[PDB]
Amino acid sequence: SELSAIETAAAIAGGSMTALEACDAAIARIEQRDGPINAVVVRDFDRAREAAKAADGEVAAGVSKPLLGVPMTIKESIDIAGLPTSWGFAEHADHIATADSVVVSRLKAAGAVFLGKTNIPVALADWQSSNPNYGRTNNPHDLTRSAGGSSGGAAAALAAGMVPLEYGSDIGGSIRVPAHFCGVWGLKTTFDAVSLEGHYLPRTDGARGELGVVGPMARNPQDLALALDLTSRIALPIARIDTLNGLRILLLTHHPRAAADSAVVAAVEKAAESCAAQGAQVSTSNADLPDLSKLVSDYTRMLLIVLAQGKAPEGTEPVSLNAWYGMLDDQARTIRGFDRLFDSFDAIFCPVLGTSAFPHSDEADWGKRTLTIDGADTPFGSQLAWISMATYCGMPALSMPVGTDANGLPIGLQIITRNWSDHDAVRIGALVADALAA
């Protein structure tokens, strides 16, 4: 029942409230609600209110901008000038960013006001949000369960109504998974569509690596689309879809490399059937589908080199540059596989993860964790499979809410579309949400 980012900005423009009122309202929601959740772990309420007063001076001087005065937070790994950027490392608790990231600079240019930053796991390397600098973030829907990660505090802050807009990062599901666990909307954008300048490992300032993207998170698709138009390095193509009638969907509720709970499958299946009733052509199989089992292995191989920065454990020999160049050839061949697939389909519908939010785990080694799927214990890491298609091949991928499991925990749907059609993904998810309400 909270105002959206667009609605807030309209309110501030129309006279209904001052940016400073909106900024103190958000501070109030945060101080009153973040106690048991612990999502907004870096606070800048003092400078935020100064910037809000300023946003009020612009308003009264006749100025308008699409997010003027709108309070929001950002992920702790994205730089804001004057604020820490530790990525959850004790050794970098006091690393203080000198300059706004590009994404932050873009949104501040749209008039937004940054109240603070949201919690993350150590090294952005978990589907939870816990670290020694700030503590743990808890799912607002069940405080005993993970908020997801690594953008987990962002998803929790959105879910608890604290702010209307957020922005996150994803290399192994870290936008889509928190959005799914907390019941909010998250967009993994097309690879290279938004700049990662300011999303730096603490004390470094180099180049974007492969695979990872930044993308917006919110409670509705309109805010996502606005936030994407304001942050993309070039204006992206606009949405071609306007109706589910004739939309061509490929429904995947099975992965050769990971299981999915019945309640997740059923939630995803029901979303496709709602679209079919508004006229969609839902297929369950296609011979153009790339080998998803090979894809998961290529993705893993490359992921572990990227995250290691090509360095190797002492005793092991590193990957050669030429071998790396071969790995990008492989990646490139696979991407072309999805190009042919998307000649026959407008979207893939599949799960974000095989389960809804799991109980907090203090076990660092994914190999020692499990996940209950239909009563059985199943391997935890196996679930990267659901997340691999869009990261490895670079496609945009929405995570949107489509139901709740039997315990009341949110379940999300992953909507994948062709490279650079990020707005078509957000549009389809908006129409999916309509079809499910009708």
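Numbers follow the displayed sequence, beginning with 1.
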According to the deposited model, is the average Cα temperature factor higher in 71-79 or in 272-280?
272-280
According to the deposited model, is the average Cα temperature factor higher in 184-192 or in 339-347?
339-347
Please pick out which of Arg176, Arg203, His141, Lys368 has the largest Cα B-factor as recorded in the entry.
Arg203
Among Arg136, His360, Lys117, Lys311, where is the Cα temperature factor highest, going by the PDB entry?
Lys311
Sort the modelled residues of this chain by their C-alpha B factor and say whether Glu197 lands in the lowest, middle or highest third.
middle
Using only modelled residues of the chain, where does the Cα B factor of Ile12 rank: lowest third, middle third or highest third?
highest
Among the chain's modelled residues, which third holds the C-alpha B-factor of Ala28?
middle
Third of chain Cα B-factors occupied by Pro396:
lowest
Is the Cα B-factor recorded for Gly35 in the lowest, middle or highest third of its chain?
middle
